[PDB]
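Shown here: coords-v2.cif, mmCIF, N, CA and C atoms.
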```cif
data_protein
#
loop_
_atom_site.label_atom_id
_atom_site.label_comp_id
_atom_site.auth_asym_id
_atom_site.auth_seq_id
_atom_site.Cartn_x
_atom_site.Cartn_y
_atom_site.Cartn_z
N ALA A 1 0.86 -1.20 0.00
CA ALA A 1 0.00 0.00 0.00
C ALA A 1 0.89 1.24 0.00
N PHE A 2 0.51 2.30 -0.71
CA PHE A 2 1.27 3.56 -0.76
C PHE A 2 0.35 4.78 -0.85
N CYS A 3 0.83 5.94 -0.41
CA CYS A 3 0.22 7.24 -0.67
C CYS A 3 0.59 7.69 -2.10
N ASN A 4 0.05 7.04 -3.13
CA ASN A 4 0.46 7.25 -4.53
C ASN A 4 -0.04 8.54 -5.19
N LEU A 5 -0.74 9.35 -4.40
CA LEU A 5 -1.29 10.71 -4.50
C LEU A 5 -1.84 11.04 -5.89
N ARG A 6 -0.93 11.13 -6.84
CA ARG A 6 -1.21 11.27 -8.28
C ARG A 6 -2.09 10.12 -8.79
N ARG A 7 -1.73 8.87 -8.49
CA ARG A 7 -2.53 7.67 -8.80
C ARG A 7 -3.65 7.44 -7.78
N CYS A 8 -3.45 7.85 -6.52
CA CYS A 8 -4.49 7.78 -5.48
C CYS A 8 -5.77 8.55 -5.90
N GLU A 9 -5.61 9.80 -6.36
CA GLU A 9 -6.69 10.66 -6.87
C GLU A 9 -7.48 9.99 -8.00
N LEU A 10 -6.79 9.41 -8.99
CA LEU A 10 -7.43 8.74 -10.13
C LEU A 10 -8.19 7.48 -9.72
N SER A 11 -7.71 6.76 -8.70
CA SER A 11 -8.46 5.65 -8.09
C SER A 11 -9.76 6.15 -7.45
N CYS A 12 -9.69 7.23 -6.66
CA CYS A 12 -10.84 7.85 -5.98
C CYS A 12 -11.92 8.43 -6.90
N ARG A 13 -11.60 8.79 -8.16
CA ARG A 13 -12.62 9.18 -9.16
C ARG A 13 -13.63 8.07 -9.46
N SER A 14 -13.35 6.81 -9.11
CA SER A 14 -14.34 5.72 -9.16
C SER A 14 -15.65 6.07 -8.44
N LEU A 15 -15.59 6.85 -7.35
CA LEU A 15 -16.76 7.38 -6.64
C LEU A 15 -16.86 8.92 -6.75
N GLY A 16 -16.07 9.54 -7.64
CA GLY A 16 -16.03 10.99 -7.88
C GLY A 16 -15.31 11.78 -6.79
N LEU A 17 -14.41 11.14 -6.03
CA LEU A 17 -13.78 11.70 -4.83
C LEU A 17 -12.36 12.21 -5.09
N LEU A 18 -11.91 13.05 -4.16
CA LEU A 18 -10.52 13.47 -4.00
C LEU A 18 -9.76 12.37 -3.26
N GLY A 19 -8.49 12.15 -3.63
CA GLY A 19 -7.60 11.16 -3.02
C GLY A 19 -6.46 11.81 -2.23
N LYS A 20 -6.25 11.36 -0.98
CA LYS A 20 -5.32 11.95 -0.01
C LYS A 20 -4.53 10.90 0.77
N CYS A 21 -3.37 11.30 1.29
CA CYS A 21 -2.52 10.46 2.15
C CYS A 21 -2.91 10.56 3.63
N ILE A 22 -2.94 9.41 4.33
CA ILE A 22 -3.26 9.31 5.77
C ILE A 22 -2.30 8.38 6.54
N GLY A 23 -1.00 8.52 6.27
CA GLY A 23 0.05 7.68 6.83
C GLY A 23 0.17 6.36 6.07
N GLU A 24 1.03 6.35 5.05
CA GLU A 24 1.40 5.20 4.20
C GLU A 24 0.30 4.60 3.29
N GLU A 25 -0.95 5.04 3.43
CA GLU A 25 -2.11 4.54 2.68
C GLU A 25 -2.95 5.70 2.12
N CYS A 26 -3.48 5.49 0.91
CA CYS A 26 -4.44 6.36 0.25
C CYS A 26 -5.86 6.14 0.78
N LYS A 27 -6.59 7.23 1.06
CA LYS A 27 -8.03 7.19 1.39
C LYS A 27 -8.76 8.41 0.82
N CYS A 28 -9.92 8.16 0.22
CA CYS A 28 -10.75 9.18 -0.43
C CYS A 28 -11.54 10.04 0.58
N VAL A 29 -12.12 11.16 0.11
CA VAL A 29 -12.84 12.13 0.97
C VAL A 29 -14.10 12.70 0.28
N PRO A 30 -15.21 12.94 1.01
CA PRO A 30 -16.53 13.27 0.43
C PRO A 30 -16.69 14.70 -0.13
N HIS A 31 -15.68 15.55 0.02
CA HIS A 31 -15.63 16.98 -0.30
C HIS A 31 -15.98 17.38 -1.73
#
```

What do you get writing this file as structure tokens?
Amino acid sequence: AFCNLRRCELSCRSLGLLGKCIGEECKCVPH
């Protein structure tokens, strides 16, 4: 698992979300 940020964001577009780092792992946000 990584904070791939650039790739994290593109993964999060699956639900239309922004992608962010939260300590070594990517997690999306409802904003």

Open item on the list: Set the distance at 9 Å and use only C-alpha atoms: which residues neighbour residue 20 of chain A once local chain neighbours fewer than 6 positions away are removed? I'd like the list as number ranges by chain.
Closed with: A: 3-5, 8-9, 26-29

- [ ] Using the chain letters and numbering of this document, enumerate as a list in words the residues selected by the PyMOL selection byres (((chain A and resi 24 and name CA) around 8) and name CA).
- [x]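 With the shown file as input, the PyMOL selection byres (((chain A and resi 24 and name CA) around 8) and name CA) matches residues 1, 2, 3, 21, 22, 23, 25 and 26 of chain A.
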
- [ ] Run DSSP on the backbone of this structure and report the residues of chain A it assigns to strand (DSSP E or B), as a list in words.
- [x]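 So, restricting chain A to strand (DSSP E or B), we get residues 18, 19, 20, 21, 26, 27, 28 and 29 of chain A.
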
Task: Shell of 12 Å around residue 31 of chain A, only C-alpha atoms, local chain residues under 4 positions omitted, as a ChimeraX atom specification - done: /A:12,15-20

Open item on the list: Would you compute the distance between atom CA of residue 11 of chain A and atom C of residue 30 of chain A? Give it in Å to one decimal.
Closed with: 14.6 Å

TODO: Write out as a PyMOL selection string all residues of chain A that DSSP puts in helix (DSSP H, G or I) for this structure's backbone.
DONE: chain A and resi 6-15
